[PDB]
Amino acid sequence: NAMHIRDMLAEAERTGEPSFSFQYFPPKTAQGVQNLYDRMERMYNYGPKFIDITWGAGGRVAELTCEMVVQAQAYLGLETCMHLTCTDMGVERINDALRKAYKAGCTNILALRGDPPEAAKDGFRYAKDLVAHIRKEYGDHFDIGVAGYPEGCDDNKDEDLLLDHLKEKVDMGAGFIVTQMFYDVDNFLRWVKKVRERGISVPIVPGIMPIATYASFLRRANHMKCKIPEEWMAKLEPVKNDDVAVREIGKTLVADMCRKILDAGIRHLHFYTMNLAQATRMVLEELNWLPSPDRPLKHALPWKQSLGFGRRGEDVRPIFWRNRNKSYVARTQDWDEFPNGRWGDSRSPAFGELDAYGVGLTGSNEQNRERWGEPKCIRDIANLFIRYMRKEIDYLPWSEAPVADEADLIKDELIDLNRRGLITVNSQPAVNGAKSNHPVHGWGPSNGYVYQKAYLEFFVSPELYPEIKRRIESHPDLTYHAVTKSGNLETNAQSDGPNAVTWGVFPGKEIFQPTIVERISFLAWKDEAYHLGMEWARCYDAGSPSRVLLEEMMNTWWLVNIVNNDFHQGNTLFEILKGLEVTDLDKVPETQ
Amino acid sequence: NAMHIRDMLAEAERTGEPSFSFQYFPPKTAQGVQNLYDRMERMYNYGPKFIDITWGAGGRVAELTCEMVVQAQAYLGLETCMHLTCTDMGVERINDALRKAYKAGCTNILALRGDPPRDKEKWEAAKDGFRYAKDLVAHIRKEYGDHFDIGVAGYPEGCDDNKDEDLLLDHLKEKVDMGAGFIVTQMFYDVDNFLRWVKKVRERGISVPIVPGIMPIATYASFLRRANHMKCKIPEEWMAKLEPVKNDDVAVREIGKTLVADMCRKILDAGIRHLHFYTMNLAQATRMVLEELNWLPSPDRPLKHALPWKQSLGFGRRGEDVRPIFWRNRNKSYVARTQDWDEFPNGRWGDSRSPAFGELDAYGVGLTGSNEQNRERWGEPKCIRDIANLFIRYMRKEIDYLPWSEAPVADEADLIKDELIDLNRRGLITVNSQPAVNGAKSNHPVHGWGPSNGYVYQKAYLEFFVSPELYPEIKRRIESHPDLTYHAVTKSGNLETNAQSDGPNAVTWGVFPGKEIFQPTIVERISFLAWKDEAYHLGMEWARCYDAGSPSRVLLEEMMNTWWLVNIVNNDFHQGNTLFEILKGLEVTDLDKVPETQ
Amino acid sequence: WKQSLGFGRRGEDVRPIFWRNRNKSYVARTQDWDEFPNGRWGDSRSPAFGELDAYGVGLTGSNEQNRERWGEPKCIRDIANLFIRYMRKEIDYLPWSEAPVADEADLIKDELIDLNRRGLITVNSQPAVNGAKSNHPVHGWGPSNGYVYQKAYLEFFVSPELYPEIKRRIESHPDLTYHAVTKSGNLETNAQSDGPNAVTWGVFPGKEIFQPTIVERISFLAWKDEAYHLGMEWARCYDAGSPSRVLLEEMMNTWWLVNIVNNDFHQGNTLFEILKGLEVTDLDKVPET
Amino acid sequence: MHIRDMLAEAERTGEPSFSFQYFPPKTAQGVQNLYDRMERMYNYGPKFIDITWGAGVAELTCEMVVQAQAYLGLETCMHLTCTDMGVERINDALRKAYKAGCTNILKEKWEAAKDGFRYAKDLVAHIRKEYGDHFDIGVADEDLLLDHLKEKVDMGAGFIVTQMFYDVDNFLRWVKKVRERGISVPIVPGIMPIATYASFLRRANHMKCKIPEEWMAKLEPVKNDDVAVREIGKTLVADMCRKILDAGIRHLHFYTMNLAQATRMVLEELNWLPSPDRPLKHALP
Ligand SMILES: Cc1cc2nc3c(=O)[nH]c(=O)nc-3n(C[C@H](O)[C@H](O)[C@H](O)COP(=O)(O)OP(=O)(O)OC[C@H]3O[C@@H](n4cnc5c(N)ncnc54)[C@H](O)[C@@H]3O)c2cc1C
Ligand SMILES: Cc1cc2nc3c(=O)[nH]c(=O)nc-3n(C[C@H](O)[C@H](O)[C@H](O)COP(=O)(O)OP(=O)(O)OC[C@H]3O[C@@H](n4cnc5c(N)ncnc54)[C@H](O)[C@@H]3O)c2cc1C
Ligand SMILES: Cc1cc2nc3c(=O)[nH]c(=O)nc-3n(C[C@H](O)[C@H](O)[C@H](O)COP(=O)(O)OP(=O)(O)OC[C@H]3O[C@@H](n4cnc5c(N)ncnc54)[C@H](O)[C@@H]3O)c2cc1C
């Protein structure tokens, strides 16, 4: 997708595909901020083209907004459009705001004059002045959008002069117009022609606000002075108290409005989420715009691609942060060059420090003990992993998210490894040329073919480790690396250099190879992997059976990764480990 | 592949595989030099690990040797070991010789004291030169560090002047201790003596790999003459077996095949795994022994290739592992054209890459041999059908050269042989192609390349000249298949294509253990535009073989000026033949038409 | 080495070479051991060395004093100089030695100086000995009328730029075994086993073979962390952001630590010879702040 | 030390790896002669030896294993059948071999001896269950046979030892057909060298071996002279061995028949016997 919203809107108008965006606002509680980041990350899977973040007048609002943009671009991987006003705004403040968004990796701004908390600190008078300011300062780095008013401005009710000012703001170098919320559709599509009539050619983006409650609906609508159709009123009237009935009615009311906007050729829909998923989600489902099995969400790469500052070109990573994306981003953030096309032999990557980068466990200890309980022996840990694999619990220390569907192939093999005490932290099955549109294995351009080498990574008792090493060396197709917290590194590798474990053949294109395995990267990963297990131990009280068990485990157990270079036969790897078991699975440590 | 001979010898001793080398010498005629370059290039296909080039006294000899090393490393793609003596050699002379070998891409030297000149009985050291070869080994080591792996001479039957076994092995210890990686021995015919000597070397704490000097038998005269000159012990059983057919050198060669090979078998049994053959600039004597050892490549043990094309070992081309498909059959040409490149492409071609590609004339990417000879090969075509015939003959191995190929018809072609023959008989004159491969084991006798226990893949490729009359219909048909991408071009300049970008399209790639994806062969626009000019130029140089105003000359010049050159990639590698099928039924008009001069 | 008389150590008679010059340290780290090694180290032995940060023994005296001793190094050549000064008995302490320069070093003094002046900063070593009388003033130890032997050992920091060339050279000698490691974690070696390699041993009359000094992987991994920590504690003597501080912290984070055993004890200096010609780049470079 | 590992390292290095099969003699004299012959053949340097198991003989076999492991210093593989064998007989046999220091095991009708086993697959599984992985276990209508071979192997056998053959082409074909069926374990060919013309033909015909007409034709003229037959059958058998070895199969198991010379001559013909030049290696003084 093109970084500039004007290009996205244009190709949306061309293909006719489902194209939509989500507007969010900065909450006051830092808690509400975390909830919003979680909600953002869930709504990500609906598949928006971009998101907006609104800009309030106050000082901490200005800072929070800038922090939120960074979060969204770098970690959540969401193309953001930061709003920016001239309300209480010195030019120093504006240049700061813009520099922050710049360094986030942002390429989209919405240029506003701004509602009051309108000349402030001798800033800019009109939004046209700020559009021209951005254009002069950053050239064509930021694509600029501007506000529009199909039902008139609240104070300003001369439609002809308004469209003249719109022409001004656009002519300063805006790429697109985003409108206020409306509920009179005929009025809107009329307005659109009147905009074009004035020689304003840019893409229009309607402001859609879906219905969540009868109260919030009517209150916000009346506050903005929206024309609500009597047919809408009459349909919502009988179940007005019941907001479940109102939400399932206003699903279809809003969606009908959207269908007529869409019919008219206007292809992008911008949803005012109000930091709420469900109201928007129900309308997107009503439009069958939400992804299905039948029309799944497309993935550029086998992993969640960042849109951070120097990360537009990043298209190769180690497998080891397959399940800790945000972490990899945090650790590699200070890289001046990201890897592209291949990892290469010369690359000596300097990964980030664990603590220094906030690469830790999620939530409170009290909560994590609630999730994971109090393990007294190795069998309890095994059980917990089996529960994760069966989707019964949703988080483990070594995974940002719940169990994959890619795992649901080899689910029972991994369960068997865990029940034997081979605690599996990471894996992928072998794939031998699945079509690039496979619902599970698919990634990258259409009409490709994707491939994977089988990978398996697990903790094992130092007693058992010798037997495992022996067995692995007795297989020619297997390569491993084994390491202890202590330092010791064993391997049967032929080289330092990276081994490709996921690759794709596409038409007209050089071979894509997004996932590798490599020694230095594994040494970076091992420290994280032991640290996570240690932070888990620190959830428990100092002398605990849980605490002593985990600390012991981490200090004394090996971490083994294994690649099966045979991608014709993948399960080879699970078979060669069958029958091995860790010695005293039920043993509780006495604390002496 | 190991660049240092010491490493090659070591891994040979480890795997146990067939490992052998060829020694050649600089000839006096520049003709003999050309013959030798041709012979070298043929013997290349036997698959040596390296070759040697000897170093005489004489100014011409010293320069020719250095030029021959460049040729061997850069163009013939043969890892060379240059000999270097202290005979008539100032230090300035030595530093020059070494710098030349350096810039060739050479990484192997044989450090010798050297036989005296043809003027001289006695060996006198040339002023500001070295006394012993130990001094030169240490010199190379000091100058170039560990860039050059150094080998030294050894004498299992004693030196010609020196018959004190004990002190000779002491000076061998000296030469080795100065930093030699391996020992190459003089020719011998007493094997028991050799394997005894080997233990006496090891006894003295000389651990380096030993490489026996094998000189196979070509004539009864040369055998006895060289052997007696060097004072070799020849077994009376060898003498007695060669005695009856001494005049008949055919019978002597088929006898001395098995005599020498039996000696080799006992050397090999003993654990010594590398054999260094003194070819005397002759293939057959060595070849017969290699066949006797079934060390020559077969279906059973096919020839290993690093990449789907002949890899250069030129200066700085060690890292070169991606090329356009278009010089699949003109390796030397691509080397010539790209020689002045600062960076060679590596791992991927990449999107921004804007390559230069040389100039045709001024680099010698032209016709091989005389016009008189090329007319002998190709005859005198009067119409387009005669050209078709010639291509079909090449495809059936009946003739060995066509303008657009350095070499005879490939085995990779022998899959799709009758498809290409059919295209030619219809007037679609095919210059270049490859079949589709969907994951053949990297040891495939036909498709195999690169490391062992890989899987290789290819997209089907087809490249041909077509009459401008027919071209429209071809274009139409190609566009009517979605998996096909093409580029079509005229000598005039005009370029048509259905490509979705400028960027390179991968057409050969390999998955190997412990390694990133190899992708050695691509297709790309700028490269194709470089190629088309060569391709038309070659057909025009063909025309220039004939007299001005010829039916042949006019025909070919016409053809080149007016015909399209079409390449086609089938992005489906599951089904390759789609592209041969799409073209079935089309034929060029006036195949038998002679262009009249009255 | 200096024998302990601690609680269960009267019978302790084998140690790794690595704490040859940090006795008190080894005692601190091994203090919680149930069984001290005796007669041989053995292959089964999995030694659990003590945690540095947990405390033990580190750098001696005040920072103010240590800066007085060692000065303020701005580049790698200044460090080289300081090591050469120690070797010539001019200064009495370096981070990696409890004491001043040994006499055993004063045999191979010029060889080690030459390594330091090339940027191969030598933290520990011993010369090869081929059957010196057990009463030798330098090499002697243990009972009278014995014969003592040593394999040559050499241990040094090297720039990661140069390390490749060193590895190449070492592998090109069959008698040499090495272990190389980074602060990062990475471990390279050409060893054929985990198990201990004997580097000092003695034949005595009426006695079994004495073998007090070994080299072994797990022990080396314990040692490397101490070795980098000592260089880091040295850096911490200087102010945060110092040229001295940045130099040393950089060095420790990015340089390799290589140990090498020459299993030929007939020819000892071969180890110092095979590293001739190597030199670290930018010896005089100051890291800019 | 487990034969499967030895066979694997042999297949890796490619070095000389070979074993000697002996049988229990009836006379205690023949036993002493055999112990002496074993001790001489020791110096040839086998990797292991086998001792066959008759109905009985059972007692003698167990005594012989102890002798071979403890005193002669020869790594032994004791054969064990289900012929006339209750489970108590089997457990006894196994306990004896255990205590020896051994770590390697291999009427009109065959009627399974009551409360014992029907098939060898049942005994492989029995050993595996009883003694875990202490003993490495070896095992002996082509389609159904290779199915049962898959069964015996899948019960936890580490290697296969074959019957004697004289058709080499057939063998190397068979090997691929075994691997075709997903039976990956190391194969060990049964080599029986020639000592007399009579014993050669008699045993070969009894086992129904295909003998090549070229072998027949070469031995025909000197059939009476067993000195000439032994120097011929040295090179006949050794040529067969060379082709097996070339094919990557690296261990050769010789049926000595309690006789040194027949085997010895073949080992010399292969220069697999030790020399001054390549002496027999000693672990300790
Ligand atoms: C999608 C969207 C998002 C919004 N987000 C925010 C937000 O994050 N924060 C916030 O505070 N507000 C926000 N608003 C509200 C908006 O910023 C205010 O309503 C704003 O003052 C309207 O002006 P404008 O931004 O359209 O720019 P302008 O059109 O430049 O505003 C100037 C006003 O003065 C009048 N005018 C008089 N003379 C002129 C002249 N010469 N040229 C131009 N106009 C003239 C116009 O009629 C107009 O009413 C948003 C509105 C929309 C539609
Ligand atoms: C494979 C091969 C290729 C060759 N190619 C060429 C070639 O291309 N051109 C060419 O000119 N020569 C070549 N030679 C060598 C040449 O023909 C002579 O044999 C050479 O003069 C002597 O061998 P060297 O170079 O190894 O001498 P060195 O070992 O350096 O010195 C030779 C002299 O040192 C003497 N010596 C022996 N022991 C001692 C001692 N302890 N102290 C001092 N001196 C001692 C020898 O007796 C002899 O007189 C080649 C040899 C081989 C084996
Ligand atoms: C290397 C070797 C060693 C020998 N060692 C001995 C020895 O120590 N003692 C001895 O007395 N003789 C031995 N012999 C000869 C022979 O084994 C015995 O005479 C006797 O016949 C024992 O069983 P078996 O030969 O049938 O073999 P086995 O292979 O043990 O036969 C049983 C196996 O064959 C298969 N099988 C056979 N019939 C069936 C069926 N109906 N249904 C299913 N599976 C079936 C099963 O897999 C079963 O496990 C040996 C022969 C060789 C080649």
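Residues numbered from 1 in each chain as written, not as in the entry; some residues may be left out. Chains lettered and ligands numbered in written order. Part of a larger assembly, values for the part shown. Heavy atoms only, no water.

Looking at the method and resolution fields of the entry, one finds X-ray crystallography and 3.49 Å.

Chemist: So what's going on with the site of ligand 1? Residues and values would help.
Modeler: Residue and element names in this part refer to chain A. In the vicinity of ligand 1 lie 22 residues, with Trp55, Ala127, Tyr149, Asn156 and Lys169 positioned nearest. In the model, an oxygen atom of ligand 1 is placed 3.2 Å from a nitrogen or oxygen of the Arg113 main chain. One nitrogen or oxygen atom from the main chain of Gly114 is found 3.5 Å from an oxygen atom belonging to ligand 1. Considered on its own, ligand 1 offers 970 Å² of accessible surface; in the complex 83% of this is hidden by protein. Among the elements of the structure, helix 5 (127–138), helix 6 (159–171) and strand 6 (176–181) are those that each provide at least two residues to the shell around ligand 1. When the residues that make up the shell around ligand 1 are grouped by side-chain class, the tally is 10 nonpolar, 7 polar and 5 charged. (Near = heavy atom within 4 Å. Polar contact = N/O pair within 3.5 Å; in protein donor to acceptor, adjacent residues only side chain to side chain. Areas by Shrake-Rupley, 256 points an atom, 1.4 Å probe, with all protein chains shown as cover. Helix = DSSP H or I, 4+ residues; strand = E, 2+ residues; numbered from the N terminus. Nonpolar A, V, L, I, M, F, W, Y, C, P; charged D, E, K, R; others polar.)

Chemist: Explain the packing of aromatic side chains to me, using residue names and the numbers behind them.
Modeler: Residue and element names in this part refer to chain A. Applying the stated criterion across every chain yields a total of 102 aromatic pairs over all chains. Measuring from centroid to centroid gives 6.2 Å for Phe320 and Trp321, while their planes differ by 65 degrees, and the two rings are edge-to-face. Taking relative accessible area as the criterion, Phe320 reaches 2% and is therefore assigned buried. Cluster of aromatic residues (ring-pair linked, three or more members): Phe320, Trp321, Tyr328, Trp335, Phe338, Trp343, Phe351, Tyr455, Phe522 and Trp525. (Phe/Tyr/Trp six-rings, centres within 6.5 Å; stacked < 30°, edge-to-face > 60°. Buried < 20%, exposed > 50% of the residue type's maximum accessible area, 1.4 Å probe, protein only.)

Chemist: Residues and numbers for the packing of helix 14 (residues 378–389) of chain A against helix 15 (residues 411–419) of chain A, please.
Modeler: All names here are of chain A. Running from amino to carboxyl end, helix 14 crosses helix 15 at an angle of 170 degrees, the nearest separation of the two axes being 8 Å. Classed by the angle they form, the pair helix 14 and helix 15 counts as roughly antiparallel. The residues of helix 15 that touch helix 14, namely those facing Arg379, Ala382, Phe385, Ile386 and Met389, are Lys411, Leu414, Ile415, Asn418 and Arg419. Of the residues belonging to the contact of helix 14 with helix 15, the class tally is 6 nonpolar, 1 polar and 3 charged. (Axes fitted to C-alpha atoms, helices over the stretch in contact; angles between N-to-C directions. Parallel < 35°, antiparallel > 145°, perpendicular 65-115°, else oblique. Contact = heavy atoms within 4.5 Å.)

Chemist: Can you explain the pattern of salt bridges? Please cite residues and give values.
Modeler: Close approach of charged atoms lets side chains of opposite charge pair. Inspection of the entire model under this criterion finds 111 salt bridges over all chains. Ionic pairing is found between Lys584 of chain B and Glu419 of chain B, a salt bridge with its closest N-O pair at 3.0 Å. Of this pair, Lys584 of chain B sits in the segment after helix 19 (578–582) while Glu419 of chain B is found in helix 15 (residues 417–425), placing the two residues 165 residues apart along the sequence. Its relative accessible area of 40% is what places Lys584 of chain B among the partly exposed residues. Assessed through its relative accessible area of 28%, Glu419 of chain B is described here as partly exposed. Three or more residues are tied together by salt bridges with common partners; here these are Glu142, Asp143, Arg173, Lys177, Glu180 and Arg181 of chain D. (Salt bridge = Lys/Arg side-chain N within 4 Å of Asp/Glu carboxyl O.)

Chemist: Report on the nonpolar core, specifying residues and quantitative values.
Modeler: In this structure, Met40 and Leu84 of chain B are the most contacted members of the largest nonpolar core, which totals 98 residues. The element that contributes the greatest number of residues to this core is helix 10 (residues 249–269) of chain B, accounting for 8 residues. When sequence neighbours within four positions are dropped, the list of residues in contact with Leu84 of chain B reads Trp55, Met89, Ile94, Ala97, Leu98, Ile109, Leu110, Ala111, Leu112 and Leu136 of chain B. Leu9, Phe20, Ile109 and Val146 of chain A belong to the second-largest nonpolar core, a separate cluster that totals 94 residues. (Core = buried A, V, L, I, M, F, W, Y, C linked by side-chain atoms within 4.5 Å.)

Chemist: Any chance you could break down the site of ligand 2 for me, citing the residues and the numbers?
Modeler: All names here are of chain B. In the vicinity of ligand 2 there are 23 residues, among which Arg113, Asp115, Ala133, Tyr155 and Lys175 approach most closely. The backbone of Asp115 places a nitrogen or oxygen atom 3.0 Å from an oxygen atom of ligand 2. Here ligand 2 has 1000 Å² of accessible area as a free molecule, and 80% of this is covered by the chains. Counting residues per element, the ones that place at least two in the shell around ligand 2 are helix 5 (133–144), helix 6 (165–177) and strand 6 (182–187). Examining the composition of the shell around ligand 2, we find that 4 residues originate from one element, helix 6, more than from any other. Of the residues belonging to the shell around ligand 2, the class tally is 10 nonpolar, 7 polar and 6 charged.

Chemist: Mind laying out helix 8 (residues 220–229) of chain B, listing which residues take part and the relevant values?
Modeler: All names here are of chain B. For helix 8, every residue scored as buried is listed here: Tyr220, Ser222, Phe223, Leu224 and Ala227. Buried residues along helix 8 sit against helix 9 (236–242) and helix 10. Directly beyond the C-terminal end of helix 8, a positive phi value near 65 degrees is found at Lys231.

Chemist: Which residues make up unusual backbone geometry, and what are the values?
Modeler: Despite not being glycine, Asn281 of chain B shows a phi value in the positive range, around 65 degrees. With respect to the helices and strands, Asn281 of chain B occurs in the loop between strand 8 (274–278) and helix 11 (284–292).

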